[PDB]
Amino acid sequence: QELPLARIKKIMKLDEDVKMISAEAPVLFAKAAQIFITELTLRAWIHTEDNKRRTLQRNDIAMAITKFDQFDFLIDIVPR
Amino acid sequence: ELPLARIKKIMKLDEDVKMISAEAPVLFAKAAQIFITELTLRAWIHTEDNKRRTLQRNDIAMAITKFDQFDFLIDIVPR
Amino acid sequence: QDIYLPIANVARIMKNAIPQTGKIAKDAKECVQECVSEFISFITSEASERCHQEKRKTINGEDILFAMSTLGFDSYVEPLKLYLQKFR
Amino acid sequence: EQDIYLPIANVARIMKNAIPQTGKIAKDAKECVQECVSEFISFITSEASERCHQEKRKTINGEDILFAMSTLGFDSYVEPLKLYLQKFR
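Residue numbers (the authors' numbering), protein chains in the order written: chain D, 41 to 120; chain B, 42 to 120; chain A, 53 to 140; chain C, 52 to 140.
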């Protein structure tokens with residue numbers, strides 16, 4: 041689909057506690073990942089527009105992570 | 042090559058069917074690939090017998106008659 | 053109520069199965085599109101029978117492959133099983 | 052392979068649909084989001100596998116995903132996610 045379900049399954053099985061997966065789980069994650077990509081990109085773009093820029097930069101994504109509690113789990117993934 | 046969601050919907054036209062496993066549409070997708078390929082190839086034999094280049098519905102109905110595997114299709118494709 | 057796989061997808065598989073000079077009539081693709089749905093419904097209803105008799109609820113791989121061999125498509129079972137081992 | 056990621060092109064196009072057509076995205080920015088998505092999936096997975104494993108179940112199901120979403124702060128995602136599942140059923 042828009043995101044490959046087979047690749048989502050592989051990310052799921054990085055966890056030792058996962059080795060058989062249900063039919064709906066990778067499908068749920070496909071839509072969730074699309075919504076998440078959209079949410080994070082949108083939040084970083086708001087900082088881009090506030091600074092009247094037209095190129096979304098990694099700096100902006102790191103910024104959006106700091107300003108929303110929903111993205112707390114991403115604090116050590118993109119550092120400053 | 043084939044969308045699994047549509048294959049799942051075809052499966053659930055069977056009313057004695059209501060829940061399906063993850064693997065069933067993946068089996069049917071590949072099985073459908075083999076079936077389309079076999080039926081087309083078998084029909085192409087008659088396309089070649091008439092030294093044509095266009096596979097026609099005539100050819101598929103012909104192939105259905107000449108293989109026992111396609112018996113369930115005799116009322117689906119009449120000549 | 054009756055569903056068919058997209059005619060363009062069916063046409064693509066058909067075209068790879070014929071010589072490079074071959075063409076397919078509009079009639080032929082649509083005909084195969086109907087046959088393929090019939091093939092799926094055919095195998096499904098036997099699988100649901102095998103499924104139900106072992107008081108199972110969900111049709112699994114084995115029920116399909118049993119239905120394949122029972123209904124004359126035993127030649128499919130070995131490739132399908134190998135195909136259902138590389139993705140797993 | 053520990054760490055695996057969705058293809059950069061799939062991630063990039065979803066990003067492009069989430070901003071005006073006049074916007075551009077830096078290479079690093081896509082790759083950054085590509086990494087975050089894998090982290091997001093592993094994050095949610097790790098809670099679901101716990102909830103699942105604790106009902107001595109062997110497979111993560113829809114409920115465990117949506118249950119993990121609400122637990123980990125993504126409860127707003129649960130409302131559309133249920134809509135998505137309806138259409139394919």
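Beta carbons are placed, not taken as given, at the ideal position from N, Cα and C, and that holds for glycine.
Chain B has a Cβ within less than 9 Å of the Cβ of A63(D). By the Cβ-count criterion, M60(D) is exposed, with fewer than 16 other Cβ atoms from all chains shown falling within 10 Å of its own Cβ. Note on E90(A): 16 or more other CB atoms within 10 angstroms of its CB, so buried under the neighbour-count rule. CA-CA distance, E101(A) to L54(B), rounds to 15 Å.
No Cβ of chain A is located within less than 9 Å of the beta carbon of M103(B). Contact check for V84(C) against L43(D) fails: the beta carbons are separated by 9 Å or more. Taking the C-beta atoms as reference points, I65(A) is found nearer than 9 Å to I77(B).
At least one CB atom of chain D sits nearer than 9 Å to the CB of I55(C). Interface flag for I86(B) against chain A is unset, since no Cβ pair is found closer than 9 Å. For the 9 Å CB-CB criterion, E106(A) and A119(A) do not form a contact. Three or more Cβ pairs closer than 8 Å define a contact, and the region 86-94 of chain D meets that threshold against the region 65-80 of chain C. A Cβ-Cβ contact shorter than 9 Å links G74(A) with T95(B). Secondary structure at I101(D): helix, using DSSP grouped into helix, strand and coil. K138(A) is outside the set of residues whose beta carbon lies under 9 Å from a beta carbon in chain B. Between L117(C) and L132(C), the C-beta gap is smaller than 9 Å, which places the two residues in contact. If you check the CB distance, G124(A) and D109(B) come in under 9 Å. Around the beta carbon of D116(B), a 10 Å sphere encloses fewer than 16 other beta carbons of the protein chains shown; the residue is thus reported as exposed.
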